[PDB]
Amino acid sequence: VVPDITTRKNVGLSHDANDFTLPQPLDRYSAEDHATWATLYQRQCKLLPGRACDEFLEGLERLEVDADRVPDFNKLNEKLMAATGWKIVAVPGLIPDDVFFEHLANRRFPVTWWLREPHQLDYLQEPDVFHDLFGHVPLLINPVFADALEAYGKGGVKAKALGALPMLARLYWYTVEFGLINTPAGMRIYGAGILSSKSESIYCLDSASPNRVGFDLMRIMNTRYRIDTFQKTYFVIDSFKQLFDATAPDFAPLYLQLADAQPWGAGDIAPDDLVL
């Protein structure tokens, strides 16, 4: 057993014991880190036109996400706060789900502060600052998307009280992390896990292999996912409004009905799916 990357990167740093935040450690970014950031940024910006939803590419520009260095979170926050009242907060790496949703409930988006090493350029399993900031943050300037996230966050309390955090986590995964959005110009991507990826960005739109299924709240909350492979199923929304509107009803009876149900496997098609 050797220390994992999260442990190694955080040596000598602390974090709040309750909310897991710390000030962004600006001094810890090396020349190599800025170069790695610049390489990832350039790679994604070459790949994503015609694949990412237009709002994502626009958000990168409106927030002035740096092309050439790891961004200063405080500086980005000036723009994000003026747009939708959100801010990003630095965290050490993966945090508990209850803490994560509590941040979202308060319009704080947690971002892992450290970056993958150059040898991990192609892929990192852990979240890092490229995935969290480049992948997740640009859409937070869209007020409908931002409201959906806040609503997910507020749902954390009820989910925790009912032992249903994993059901809310599935909704988050299949929307915020791996969601597709249909447009008159064809299918586009809004999931951050795809937007920061070297290759999943290609597969999710070009391959006949994955299922593309119309968004359905109950179906999604009853669907397993895997973290270590490309998604076998992507869920497709018509608009960010659909995401927000999905949060309108009381989730409590949905959780209880699902508590004793057998969940769908990551690759299953349910009898009632709208398959696209």
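Each residue number is its position in the shown sequence, starting from 1.
Mean C-alpha B-factor is higher over 243-251 than over the other stretch, the pair under comparison being 243-251 and 51-59.
Looking at mean Cα B-factors across 81-89 and 115-123, the upper value is held by 115-123. The residue among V70, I220, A208, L40 whose C-alpha carries the highest B-factor in the deposited model is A208.
Ranked by C-alpha B-factor against the other modelled residues of its chain, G193 falls in the lowest third.
The deposited CA B-factor of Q262 belongs to the highest third of values across its chain.
Among the modelled residues of the chain, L171 sits in the lowest third by CA temperature factor in this PDB entry.
When all modelled residues of the chain are sorted by CA temperature factor, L26 is found within the highest third. When all modelled residues of the chain are sorted by CA temperature factor, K75 is found within the highest third.
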